[PDB]
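Working notes for the structure below.
Positions of Cβ are backbone-derived with ideal geometry, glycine not excepted, and every protein chain shown enters the neighbour counts. The numbers here are math on the coordinates, done by the rules we state, and not lab data.
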Amino acid sequence: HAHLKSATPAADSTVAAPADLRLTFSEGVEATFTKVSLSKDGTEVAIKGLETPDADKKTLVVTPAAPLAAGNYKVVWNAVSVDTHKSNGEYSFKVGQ
C-alpha cells in the first residue's frame, strides 16, 4: 500500500520555503484522486494543484500558490494507490528563511 518513505521538508525540519513539495511513496499513486492541503496556524494556504512529472507514479509533487512566511506549517494528505486503496496522514515543519 502507499506509505511515505522519504520526503521534501520532513517532520520537525526547518527549511526556506520549498519551490515544490515532493513526496515519495513505495507504491505509486493516481495523480487524479490524490489530494494535499497545507495550513499555516490553522488557516489553509492555496495550492496550485498537484502533478506527477516522473514517468513513475512513486513521486507526487505539490506547488504552493504563494510563498511561505517564517512560522509553523502542517501538511495533510490523502493518497490513492493505483490498486485503488486509500490512505491519509499529516506532518508538520517550520519555515526558517
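What pairs come up if the first residue lies in the range 51-75 and is over 12 Å from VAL36 (Cβ atoms), the second is aromatic (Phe, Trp, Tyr), and their beta carbons are under 7 Å apart, counting only those six or more places apart or on different chains?
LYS58/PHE25; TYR73/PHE93
Hey, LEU23 hits all of (1) in a strand (DSSP E or B); (2) touching a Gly at 6+ places or on another chain (Cβ under 8 Å) but one; which does it fall short on?
Answer for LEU23: the failing condition is (2).
Hey, can you tell me all the residues within the range 26-60 that are among the polar types (S, T, N, Q) and either in a strand (DSSP E or B) or surrounded by 15 or more Cβ atoms within 10 Å (Cβ to Cβ) (or both)? Quick ask: steps written out before the conclusion?
Kept after step one, since they are among the polar types (S, T, N, Q), are these residues of the range 26-60: 26, 32, 34, 37, 39, 43, 52, 59.
Residues satisfying the conditions are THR34, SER37, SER39, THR43, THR52, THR59.
Taking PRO9, is it in contact (Cβ under 8 Å) with a residue 24 or more places away in the chain and not polar (S, T, N, Q)?
In short, yes.
Is there a residue in the range 18-25 that is more than 17 Å from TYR91 (Cβ to Cβ) and either in contact with a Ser or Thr (Cβ under 9 Å, 6 or more places away or on another chain) or of a type in the set (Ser, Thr, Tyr) (or both)?
yes
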